[PDB]
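Engineer: Pasting in a structure now, in structure tokens, and then I'll have a few things to ask.
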Amino acid sequence: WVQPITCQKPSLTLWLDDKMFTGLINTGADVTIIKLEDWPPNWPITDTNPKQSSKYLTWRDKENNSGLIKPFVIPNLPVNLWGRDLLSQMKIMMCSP
Amino acid sequence: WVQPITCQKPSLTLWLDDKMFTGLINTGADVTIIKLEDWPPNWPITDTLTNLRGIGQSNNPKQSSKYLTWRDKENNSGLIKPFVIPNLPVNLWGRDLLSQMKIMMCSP
């Protein structure tokens with residue numbers, strides 16, 4: 001797939017351990033941040049300062065590529081933030097004409 | 001040019017008016033942020049109440065009073081009006097700038 005960077009929100013939708021999450025492609029962060037309000041409460045979290053998933057989560061995209069991330073879980077943010085931990089596993093390249 | 005997304009910092013070096021800046025490609029923000037320590041002090045700023053709390057910044061950032069001409073090393077250029085914020089580790093190139101560079105994200 002291709003996505004131009006525009007003023008619009010650059011979004012990915014994908015699964016983490018078989019639940020769907022949408023969020024903002026966030027090249028400026030090393031790690032992924034999931035909103036606490038979106039966090040399945042049966043899924044265990046631990047402090048580190050911010051909370052983090054206790055378990056690694058399997059991410060899967062709609063083309064069935066997959067891998068592992070261990071996101072931070074943070075209250076009071078507008079959107080999930082896909083970090084380079086995830087983007088680097090999807091082999092995403094930035095290109096200019 | 002091509003730049004894969006890796007664990008490493010995705011960086012661009014470019015000019016704003018007559019000065020070179022390096023910073024982090026920051027697709028999560030719609031505005032560009034310059035660290036105050038890198039801000040030429042002769043360049044005028046305006047205090048704002050622009051809420052950037054949502055992109056993990058302040059609710060009262062300074063902003064460049066003027067538009068700045070950005071130019072890359074291939075001599076593409078355009079205009080942005082970045083925020084100027086103390087005590088950040090790196091300059092943050094937002095989609096205001098990235099969208100003027102015609103940057104596409106691609107997957108194999």
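For the structure tokens, the naming scheme is as follows: chains receive sequential letters (A, B, ...) according to their order of presentation, residues are indexed from 1 within each chain, and ligands are indexed from 1 in presentation order.
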Write out, as JSON lines, each residue of chain A that has an atom at most 10 Å from chain B, together with the closest pair of atoms and their distance in Å to one decimal, counting only C-alpha atoms, rows going by chain and rising number.
Structural biologist:
```
{"residue": "A:1", "atom": "CA", "partner": "B:107", "partner_atom": "CA", "distance": 5.7}
{"residue": "A:2", "atom": "CA", "partner": "B:106", "partner_atom": "CA", "distance": 4.8}
{"residue": "A:3", "atom": "CA", "partner": "B:105", "partner_atom": "CA", "distance": 5.3}
{"residue": "A:4", "atom": "CA", "partner": "B:104", "partner_atom": "CA", "distance": 4.1}
{"residue": "A:5", "atom": "CA", "partner": "B:99", "partner_atom": "CA", "distance": 5.2}
{"residue": "A:6", "atom": "CA", "partner": "B:99", "partner_atom": "CA", "distance": 4.7}
{"residue": "A:7", "atom": "CA", "partner": "B:95", "partner_atom": "CA", "distance": 5.8}
{"residue": "A:8", "atom": "CA", "partner": "B:30", "partner_atom": "CA", "distance": 8.1}
{"residue": "A:9", "atom": "CA", "partner": "B:28", "partner_atom": "CA", "distance": 7.7}
{"residue": "A:10", "atom": "CA", "partner": "B:27", "partner_atom": "CA", "distance": 7.2}
{"residue": "A:11", "atom": "CA", "partner": "B:28", "partner_atom": "CA", "distance": 9.6}
{"residue": "A:23", "atom": "CA", "partner": "B:28", "partner_atom": "CA", "distance": 9.9}
{"residue": "A:24", "atom": "CA", "partner": "B:28", "partner_atom": "CA", "distance": 6.3}
{"residue": "A:25", "atom": "CA", "partner": "B:28", "partner_atom": "CA", "distance": 6.2}
{"residue": "A:26", "atom": "CA", "partner": "B:28", "partner_atom": "CA", "distance": 4.5}
{"residue": "A:27", "atom": "CA", "partner": "B:26", "partner_atom": "CA", "distance": 5.3}
{"residue": "A:28", "atom": "CA", "partner": "B:26", "partner_atom": "CA", "distance": 4.5}
{"residue": "A:29", "atom": "CA", "partner": "B:26", "partner_atom": "CA", "distance": 8.2}
{"residue": "A:30", "atom": "CA", "partner": "B:7", "partner_atom": "CA", "distance": 6.4}
{"residue": "A:31", "atom": "CA", "partner": "B:7", "partner_atom": "CA", "distance": 9.2}
{"residue": "A:76", "atom": "CA", "partner": "B:54", "partner_atom": "CA", "distance": 8.5}
{"residue": "A:77", "atom": "CA", "partner": "B:54", "partner_atom": "CA", "distance": 5.9}
{"residue": "A:78", "atom": "CA", "partner": "B:54", "partner_atom": "CA", "distance": 6.2}
{"residue": "A:79", "atom": "CA", "partner": "B:54", "partner_atom": "CA", "distance": 8.6}
{"residue": "A:81", "atom": "CA", "partner": "B:28", "partner_atom": "CA", "distance": 7.6}
{"residue": "A:82", "atom": "CA", "partner": "B:28", "partner_atom": "CA", "distance": 9.0}
{"residue": "A:83", "atom": "CA", "partner": "B:7", "partner_atom": "CA", "distance": 9.2}
{"residue": "A:84", "atom": "CA", "partner": "B:7", "partner_atom": "CA", "distance": 5.8}
{"residue": "A:85", "atom": "CA", "partner": "B:7", "partner_atom": "CA", "distance": 6.5}
{"residue": "A:86", "atom": "CA", "partner": "B:7", "partner_atom": "CA", "distance": 9.4}
{"residue": "A:87", "atom": "CA", "partner": "B:5", "partner_atom": "CA", "distance": 6.4}
{"residue": "A:88", "atom": "CA", "partner": "B:6", "partner_atom": "CA", "distance": 4.7}
{"residue": "A:89", "atom": "CA", "partner": "B:6", "partner_atom": "CA", "distance": 8.2}
{"residue": "A:90", "atom": "CA", "partner": "B:107", "partner_atom": "CA", "distance": 6.9}
{"residue": "A:91", "atom": "CA", "partner": "B:107", "partner_atom": "CA", "distance": 5.9}
{"residue": "A:92", "atom": "CA", "partner": "B:107", "partner_atom": "CA", "distance": 4.8}
{"residue": "A:93", "atom": "CA", "partner": "B:4", "partner_atom": "CA", "distance": 4.1}
{"residue": "A:94", "atom": "CA", "partner": "B:105", "partner_atom": "CA", "distance": 4.6}
{"residue": "A:95", "atom": "CA", "partner": "B:2", "partner_atom": "CA", "distance": 4.8}
{"residue": "A:96", "atom": "CA", "partner": "B:103", "partner_atom": "CA", "distance": 4.8}
{"residue": "A:97", "atom": "CA", "partner": "B:102", "partner_atom": "CA", "distance": 6.8}
```
Engineer: Set the distance at 8 Å and use only C-alpha atoms: which residues neighbour residue 50 (chain A) once local chain neighbours fewer than 4 positions away are removed? I'd like the list as a ChimeraX atom specification.
Structural biologist: /A:72-74
Engineer: Go through chain B and collect every residue that DSSP, computed from the backbone, puts in strand (DSSP E or B); the answer should be as a ChimeraX atom specification.
Structural biologist: /B:2-4,11-16,19-25,33-35,45-47,62-64,68-71,77-80,83-85,91-93,104-106
Engineer: Where in chain A does DSSP assign helix (DSSP H, G or I), given as a PDB file with N, CA, C and O atoms, in the first residue's frame?
Structural biologist:
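Saved result, selection_30.pdb, follows:
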```pdb
ATOM      1  N   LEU A  36      -5.497   4.208  27.345  1.00  0.00           N
ATOM      2  CA  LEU A  36      -5.999   3.361  28.465  1.00  0.00           C
ATOM      3  C   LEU A  36      -7.498   3.116  28.267  1.00  0.00           C
ATOM      4  O   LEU A  36      -7.934   2.023  28.504  1.00  0.00           O
ATOM      5  N   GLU A  37      -8.239   4.095  27.783  1.00  0.00           N
ATOM      6  CA  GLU A  37      -9.694   3.991  27.540  1.00  0.00           C
ATOM      7  C   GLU A  37      -9.963   2.912  26.483  1.00  0.00           C
ATOM      8  O   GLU A  37     -11.059   2.401  26.491  1.00  0.00           O
ATOM      9  N   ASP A  38      -9.005   2.557  25.625  1.00  0.00           N
ATOM     10  CA  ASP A  38      -9.170   1.545  24.536  1.00  0.00           C
ATOM     11  C   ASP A  38      -8.574   0.202  24.954  1.00  0.00           C
ATOM     12  O   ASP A  38      -8.599  -0.766  24.175  1.00  0.00           O
ATOM     13  N   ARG A  84       7.741   3.514  15.932  1.00  0.00           N
ATOM     14  CA  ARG A  84       8.649   2.831  14.973  1.00  0.00           C
ATOM     15  C   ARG A  84       8.813   1.339  15.345  1.00  0.00           C
ATOM     16  O   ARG A  84       9.188   0.556  14.432  1.00  0.00           O
ATOM     17  N   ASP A  85       8.543   0.926  16.586  1.00  0.00           N
ATOM     18  CA  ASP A  85       8.563  -0.513  16.978  1.00  0.00           C
ATOM     19  C   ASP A  85       7.677  -1.280  16.014  1.00  0.00           C
ATOM     20  O   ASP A  85       8.155  -2.259  15.366  1.00  0.00           O
ATOM     21  N   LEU A  86       6.487  -0.770  15.773  1.00  0.00           N
ATOM     22  CA  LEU A  86       5.557  -1.391  14.813  1.00  0.00           C
ATOM     23  C   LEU A  86       5.963  -1.018  13.380  1.00  0.00           C
ATOM     24  O   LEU A  86       6.033  -1.941  12.531  1.00  0.00           O
ATOM     25  N   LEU A  87       6.176   0.278  13.071  1.00  0.00           N
ATOM     26  CA  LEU A  87       6.338   0.671  11.653  1.00  0.00           C
ATOM     27  C   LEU A  87       7.537  -0.061  11.059  1.00  0.00           C
ATOM     28  O   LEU A  87       7.477  -0.375   9.826  1.00  0.00           O
ATOM     29  N   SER A  88       8.607  -0.254  11.831  1.00  0.00           N
ATOM     30  CA  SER A  88       9.883  -0.865  11.332  1.00  0.00           C
ATOM     31  C   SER A  88       9.628  -2.339  11.001  1.00  0.00           C
ATOM     32  O   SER A  88      10.211  -2.798  10.066  1.00  0.00           O
ATOM     33  N   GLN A  89       8.750  -3.009  11.729  1.00  0.00           N
ATOM     34  CA  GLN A  89       8.352  -4.407  11.450  1.00  0.00           C
ATOM     35  C   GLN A  89       7.473  -4.516  10.198  1.00  0.00           C
ATOM     36  O   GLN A  89       7.404  -5.598   9.687  1.00  0.00           O
TER      37      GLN A  89
END
```
Engineer: Within 8 Å of residue 45 (chain A), counting only C-alpha atoms, which residues qualify if same-chain residues fewer than 3 places away don't, as number ranges by chain?
Structural biologist: A: 51-55, 73
Engineer: Could you check the closest approach to residue 64 (chain B) for each of B:91, B:13, B:32, B:22 and tell me which residue wins, using only C-alpha atoms?
Structural biologist: B:32
Engineer: For a quick check of understanding, using only C-alpha atoms, which of A:67, A:34, A:61, A:80 has the smallest distance to residue 14 (chain A)?
Structural biologist: A:61
Engineer: Name the residues in contact with residue 86 (chain B) at a cut-off of 10 Å, using only C-alpha atoms, excluding same-chain residues fewer than 3 positions from it; report them as an NGL selection string.
Structural biologist: :B and (33-39 or 61-62 or 89)
Engineer: Would you export the selected residues with N, CA, C and O atoms as a compact mmCIF listing (two decimals), in the first residue's frame, please?
Structural biologist:
```
# COMPACT_ATOMS: atom_id res chain seq x y z
N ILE B 33 7.79 21.93 15.22
CA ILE B 33 8.24 22.49 16.51
C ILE B 33 9.74 22.59 16.45
O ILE B 33 10.42 21.60 16.06
N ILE B 34 10.25 23.78 16.76
CA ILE B 34 11.71 24.03 16.84
C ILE B 34 12.05 24.14 18.31
O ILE B 34 11.37 24.88 18.97
N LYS B 35 13.13 23.47 18.75
CA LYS B 35 13.59 23.64 20.14
C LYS B 35 14.06 25.10 20.32
O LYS B 35 14.75 25.66 19.42
N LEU B 36 13.64 25.73 21.43
CA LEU B 36 13.90 27.17 21.66
C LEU B 36 15.41 27.46 21.64
O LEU B 36 15.79 28.48 21.13
N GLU B 37 16.24 26.57 22.13
CA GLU B 37 17.70 26.75 22.17
C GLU B 37 18.27 26.88 20.75
O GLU B 37 19.34 27.43 20.61
N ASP B 38 17.56 26.39 19.72
CA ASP B 38 18.04 26.41 18.30
C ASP B 38 17.40 27.57 17.56
O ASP B 38 17.70 27.74 16.35
N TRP B 39 16.55 28.32 18.23
CA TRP B 39 15.80 29.43 17.62
C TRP B 39 16.69 30.65 17.53
O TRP B 39 17.15 31.12 18.55
N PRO B 61 2.40 27.49 23.70
CA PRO B 61 3.68 27.55 23.02
C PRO B 61 3.89 28.91 22.32
O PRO B 61 2.94 29.52 21.90
N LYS B 62 5.13 29.36 22.21
CA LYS B 62 5.52 30.50 21.32
C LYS B 62 5.43 30.00 19.88
O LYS B 62 5.56 28.81 19.65
N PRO B 89 14.20 17.58 23.27
CA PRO B 89 15.49 17.07 22.85
C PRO B 89 15.78 17.31 21.36
O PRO B 89 16.92 17.40 21.05
```
